[PDB]
Amino acid sequence: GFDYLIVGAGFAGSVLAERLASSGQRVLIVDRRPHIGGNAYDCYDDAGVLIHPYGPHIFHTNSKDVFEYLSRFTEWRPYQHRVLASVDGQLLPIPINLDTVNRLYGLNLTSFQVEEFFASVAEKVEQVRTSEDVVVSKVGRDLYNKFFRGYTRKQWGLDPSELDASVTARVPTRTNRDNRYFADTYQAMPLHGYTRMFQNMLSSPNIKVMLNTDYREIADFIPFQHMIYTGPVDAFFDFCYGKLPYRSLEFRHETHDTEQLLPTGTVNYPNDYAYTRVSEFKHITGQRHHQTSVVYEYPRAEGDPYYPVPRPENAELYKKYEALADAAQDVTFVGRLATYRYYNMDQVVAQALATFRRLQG
Amino acid sequence: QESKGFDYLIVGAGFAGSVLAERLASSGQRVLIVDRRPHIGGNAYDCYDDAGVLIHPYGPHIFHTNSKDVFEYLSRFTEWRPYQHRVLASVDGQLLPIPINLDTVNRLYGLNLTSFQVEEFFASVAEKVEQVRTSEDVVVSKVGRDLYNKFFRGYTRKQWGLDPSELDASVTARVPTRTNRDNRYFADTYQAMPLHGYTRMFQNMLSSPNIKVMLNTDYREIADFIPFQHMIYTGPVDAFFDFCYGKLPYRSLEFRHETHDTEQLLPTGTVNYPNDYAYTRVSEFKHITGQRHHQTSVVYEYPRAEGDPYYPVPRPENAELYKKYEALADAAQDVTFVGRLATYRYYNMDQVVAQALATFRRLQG
Ligand SMILES: Cc1cc2nc3c(=O)[nH]c(=O)nc-3n(C[C@H](O)[C@H](O)[C@H](O)COP(=O)(O)OP(=O)(O)OC[C@H]3O[C@@H](n4cnc5c(N)ncnc54)[C@H](O)[C@@H]3O)c2cc1C
Ligand SMILES: Cc1cc2nc3c(=O)[nH]c(=O)nc-3n(C[C@H](O)[C@H](O)[C@H](O)COP(=O)(O)OP(=O)(O)OC[C@H]3O[C@@H](n4cnc5c(N)ncnc54)[C@H](O)[C@@H]3O)c2cc1C
Ligand SMILES: O=c1ccn([C@@H]2O[C@H](COP(=O)(O)OP(=O)(O)O[C@H]3O[C@H](CO)[C@H](O)[C@H](O)[C@H]3O)[C@@H](O)[C@H]2O)c(=O)[nH]1
Ligand SMILES: O=c1ccn([C@@H]2O[C@H](COP(=O)(O)OP(=O)(O)O[C@H]3O[C@H](CO)[C@H](O)[C@H](O)[C@H]3O)[C@@H](O)[C@H]2O)c(=O)[nH]1
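Heads up: the sequence lines are chains I and A, in that order. Heads up: the first sequence begins at 29 in PDB author numbering, then just goes up one per residue. Heads up: the second sequence begins at 25 in PDB author numbering, then just goes up one per residue.
Encoded structure:
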């Protein structure tokens, strides 16, 4: 048999599969999807363009440890993602910065001046709890309306006041002129795509890969010691406490007969269209092609779980599940879905590494 | 008694495995298809390289068949790009057509024979053979010693490490000799490449919920604890029976892939080198895939003794060794052998598919 049965071949499951196997363990990693990599899986479309079938996946981290780790399995294309937001018929920097405010209102404030201007408009909040509070308390009611309110309502189906502060706190507000989506120390894409990096990661002879397979389809007749489950929690426990909310997305992919379609990798639509944004994969990968491929993101209530929904009622409901999980003797939970945390890739990696260390000492 | 488990454990994700998996699953059987490699499709696997060029890591794979049955079957899993492969052979510093034909003869010897003449020409140089048995017989008896030496003897010696006389007639008889001006490598009814590659086609083929795909796994690593009713084996026969009769010869290959900053390196899909270099041939994938790209990627093939089994070696000595293993296989109760490696048959893609499909109809009987 195996020492470990890992459910989910994304970062959480693949990072652990790699570490355990590098330390002698015999690992069987399985996934219900026909491919590995989970959400970060990438492949070439019919036109021969490299794309992310599950939406834009830009790698960024502040962890020297995380970056040096991945570096063992892939070279890097230096890349700092940038996003424009379609507001009032323009394409403006988001996160909001000096340039956003100046171009929108036709002002000419310096950075020093825009700090006072924000001050003069930000609503005061006794205690910031909601996604509305974080933004409104920093940059006033108007900017909140034009950049965050609409987008949030469309993405989650919930007003920012029905969401925890951490959600819209992901996008910081700047008084400077930095226009990168991330100020992280390390920002780079795997030179030949995520999938390629996962294959290196899972190359050990100590790793058996099983695809197109629900773990429940084999758990009964396959000898294993410990289980590492990276799927959704509520599903692991047959939805015993009811359905734990997970927001989902639909992706409509297109290929155009032109080299470039967008000014940058991603354009957000806070106040227009059904989709939240369009992305162009050549901006992100650096691939050269006579054509180009893009993807439109439509928020959905039903579908494969991609987003936990951070808010009081869901935090509580998860705690019920967390209780069962912590009780689950021979099963360790890790990942964005398994532990219900709005995590980026690097964060999942860290959580995985840390989980590996405990399982080791 | 223990678990019932999978109805079928299938070893190999090549055409032999995949076709039986799809057929079995579609019929309602639970299948676990396993392969020691980290990908499906066996030799026919294809992928994009670092440059973004669709290539065949295991050498050039051109699909051709005369079986309508087979073509329509594979058509269920992929659209087609019509392609008719054309090889050139480097002889006397020239690039001449092979199969040998009217143009090959005329251009090589600077002749002006008509089709009707090249027939009399061949007749006049052919060596007679009481009974054709070797690869030397099939050729020499048709186009003569000189053409044989120039197009076959050197190539064959390099590919197999054996003189054509040390190989069965069936080996070189694969390449027809022509009196017409056909320069196609195949004259089959249906010649086309899978529009988006073989891998895409295989994914559709193993996509059923009834099929579980296991990669990076030698069946021996699991056949001890995973329950299964019947096994379909598609690897080398001798290895299945622990070489209890000794190593069955299989020829291997080393592939050297290159990418060049040009649009096109070769006049055709493949160029053969019967009398030059270590490698037997070079191939440019864009000719075969139809892909558009500012660069191009090619593969050189180097015949090898040691390595992964790619070719059975048809000759009396080996046919005699295989026959013993064949009896073992025929005795194997809950084991079905099918494919190029598992039945020791020099088969093309379309042939293996056909053999799998037949195997399936028998299983369903
Ligand atoms: C649209 C989108 C864009 C994103 N962009 C970025 C970005 O730009 N930068 C960034 O850092 N992060 C981004 N992320 C977040 C990033 O994708 C996650 O941090 C990371 O993918 C989480 O990895 P994971 O392994 O924990 O979960 P996953 O990657 O989802 O892997 C979990 C796997 O578990 C499998 N599974 C679940 N249940 C079962 C079961 N029952 N049986 C078998 N298999 C099962 C699933 O099929 C899935 O493949 C983005 C996420 C989304 C949705
Ligand atoms: C260089 C080259 C070029 C070719 N070109 C053409 C062509 O142009 N046109 C054409 O029609 N045909 C071509 N062929 C032939 C074609 O590849 C074969 O007909 C076809 O691939 C045979 O399929 P198969 O499934 O029977 O064997 P394979 O495709 O080899 O699949 C067998 C699989 O079994 C796996 N396996 C074996 N033992 C084990 C084990 N112990 N545990 C787990 N897995 C195991 C192997 O890893 C392998 O993937 C070519 C072959 C080669 C080598
Ligand atoms: O223009 C915006 C952007 C965000 N928000 C709000 O702030 C939240 C967080 O925004 P994220 O971009 O971080 O949310 P995503 O998961 O949808 O985006 C993913 O894709 C992006 C690519 O553009 C980034 O790389 C990001 O880190 C990555 O997790 C949103 O849910 C929303 O409530 C807006 O109101 N307006
Ligand atoms: O120029 C040649 C070609 C062949 N032979 C001899 O005849 C045999 C049969 O030749 P193949 O080309 O058929 O050998 P392969 O299996 O290596 O070829 C594979 O690669 C080819 C790519 O051009 C074709 O697609 C072919 O059908 C495919 O199975 C060779 O082994 C050799 O003995 C030659 O002497 N000279």
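Backbone N, C-alpha and C fix where the C-beta goes; we use that ideal spot for every residue, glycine too.
- Against chain I, the CB of residue 236 of chain A has a partner CB under 7 Å away; the residue lies at that interface.
- Interface with chain I (7 Å Cβ-Cβ cutoff): residue 44 of chain A is excluded.
- Under a 10 Å Cβ-count criterion, residue 243 of chain A is classified as buried, with 16 or more other Cβ atoms of the shown protein chains found around its own Cβ.
- Around the C-beta of residue 310 of chain A, 16 or more other C-beta atoms lie within 10 Å, and the residue is accordingly described as buried.
- About 6 Å separates the Cβ atoms of residue 35 of chain A and residue 258 of chain A, confirming a contact at the 8 Å cut-off.
- When rounded, the separation of the alpha-carbon atoms in residue 207 of chain I and residue 113 of chain I is 11 Å.
- When DSSP reads this structure, residue 220 of chain A sits in no beta bridge, so it has no partner.
- Remark: the C-beta of residue 214 of chain I is outside contact range of ligand 1, defined as less than 6 Å to any heavy atom.
- The C-beta distance from residue 312 of chain I to residue 202 of chain I rounds to 22 Å, too long to fall under 8 Å, and the pair is not in contact.
- Inclusion of residue 50 of chain A and residue 229 of chain A in the CB contact set at 7 Å is not warranted, their separation being larger than that value.
- The distance from the Cβ of residue 250 of chain I to that of residue 33 of chain I is about 7 Å, consistent with a contact at the 8 Å cut-off.
- Taking 8 Å as the upper bound on Cβ-Cβ separation, chain A lies near residues 245, 246, 248, 249, 250 and 251 of the segment 245-256 of chain I.
- Residues of chain A whose Cβ lies closer than 8 Å to the Cβ of residue 220 of chain I are, in chain order, 74.
- Residue 27 of chain A has a beta carbon lying within less than 7 Å of a beta carbon in chain I.
- The Cβ neighbour count for residue 301 of chain A, taken over all protein chains shown within 10 Å, is under 16; the residue is labelled exposed.
- For the segment 305-324 of chain I, the residues whose beta carbon sits under 8 Å from a beta carbon of chain A are, in order, 315, 316, 317 and 318.
- Against chain I, a Cβ distance below 9 Å from residue 62 of chain A picks out 227, 230, 231 and 237.
- Cβ-Cβ separation between residue 37 of chain A and residue 376 of chain A: approximately 13 Å, too far for a contact (criterion under 8 Å).
- Chain I places no beta carbon closer than 7 Å to that of residue 173 of chain A, leaving this residue out of the contacts.
- Taking C-beta separations shorter than 6 Å and ignoring five residues to either side along the sequence, the partners of residue 317 of chain I in its chain run 77, following chain order.
- For the segment 282-308 of chain I, the beta-carbon criterion of a distance under 8 Å to any beta-carbon of chain A is satisfied by none of its residues.
- For residue 240 of chain A, the nearest beta carbon of chain I is closer than 7 Å to its own beta carbon.
- When the Cα atoms are used, residue 286 of chain I and residue 308 of chain I turn out to be separated by approximately 12 Å.
- Across the structure, residue 269 of chain A and residue 303 of chain A are spaced so that their CA atoms are roughly 32 Å apart.
- For residue 330 of chain A, the secondary structure class from DSSP, reduced to helix, strand or coil, is coil.
- Sorting A:382, A:369, A:91 and A:28 by C-alpha distance to the C-alpha of residue 213 of chain A places A:91 at the top.
- Taking one beta carbon from each stretch, the segment 325-333 of chain A and the segment 342-350 of chain A have fewer than 3 pairs nearer than 8 Å; the two do not touch.
- Look at residue 188 of chain A here: in three-state DSSP terms it is helix.
- In this chain, the beta strand (DSSP E) harbouring residue 305 of chain A covers 305-308.
- Counting along the chain, residue 347 of chain I sits inside the alpha helix (DSSP H) bounded by residues 340-355.
- Going by DSSP, residue 236 of chain I is part of the beta strand (DSSP E) stretching over 235-239.
- Under DSSP, residue 278 of chain A shares a beta bridge with A:326.
- Residue 158 of chain I has its CB no nearer than 6 Å to any heavy atom of ligand 3.
- Residue side-chain check: residue 128 of chain I keeps its Cβ at 6 Å or more from all non-hydrogen atoms of ligand 4.
- For residue 54 of chain I against residue 234 of chain I, the beta-carbon gap comes to about 5 Å, under 8 Å, which counts as contact.
- Remark: the C-beta of residue 113 of chain I is in contact range of ligand 3, defined as less than 6 Å to any heavy atom.
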